[PDB]
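The form deposited in one PDB entry is given below as one chain in structure tokens.
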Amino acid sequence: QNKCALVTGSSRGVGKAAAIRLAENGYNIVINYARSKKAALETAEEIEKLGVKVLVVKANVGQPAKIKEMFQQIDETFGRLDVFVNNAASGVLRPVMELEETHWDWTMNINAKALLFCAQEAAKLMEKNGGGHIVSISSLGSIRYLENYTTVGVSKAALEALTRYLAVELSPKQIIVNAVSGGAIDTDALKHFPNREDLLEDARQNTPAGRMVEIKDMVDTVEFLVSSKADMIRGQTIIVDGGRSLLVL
């Protein structure tokens, strides 16, 4: 058969566009979501027009038992997996002094713990045909301060560190692991930020490139990192931000 790709959180936004790009390149697709079922089924219908097979799996990736159920479905339906894009994220955006334990656990479980358990199940499927590629999506708040972003920034720093440990430990399985970090993108996720207009204004005005990052720019780097043209890039996080992080003022 043909190669298969899973993209977590692919009902909308970056994940959806990544799943479509992989489908355009001949991959069968696993679409994943937590609650936005209608958008997930609509994405699946769009992608099936390309002549690939699509499996839609509801699985909150913050719960390893749901991860394991999802991968059992992938194994039953396709019997293989070749590309895995860890893209889903959630979070609680408030000042650090107001954070509660549930806010930390929710965010860390979905955004960083997910990669460890998805990577384990992905590797077991990838070993069947000789390897594969894993790419995670991160942001500038892993290494810099974004206002109100503590829970998510800390999870993304864990995610990038996990990307390094997996990149070393899964190399014997011929699995290539890396991450792509973005500057701000005008998706539904920005609506979580009470300072949404400030972020957009800053991206529009202060990005050296002269425009904001778009979903296509993140997808283009994902595509490269799964393409076989990037097999000796390992454990790296590539920053796609139009040059915004280079500045001071």
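Only the largest set of C-alpha atoms that superpose within 1.5 Å between the two forms is called the rigid core. The first residue of the shown sequence is 1; numbering continues from there.
From this point on, the text means the form deposited in another entry, which you will not see here.
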Checklist entry - So, does residue 89 move by 2 Å or more at the CA between the shown form and the other one, with the core held fixed? => result yes
Checklist entry - After the core is overlaid between the shown form and the other one, has the C-alpha of residue 133 moved by 2 angstroms or more? => result no
Checklist entry - Would the C-alpha of residue 213 be classed as shifted by 2 Å or more between the shown form and the other one after rigid-core alignment? => result no
Checklist entry - Between residue 154 and residue 176, does the Cα distance in the other form come out closer or farther than in this form, changing by 3 Å or more? => result closer
Next on the checklist: Thinking of the 3 angstroms or more shift, are the C-alphas of residue 150 and residue 7 brought closer or pushed farther apart in the other form than in this view?
Outcome noted: closer
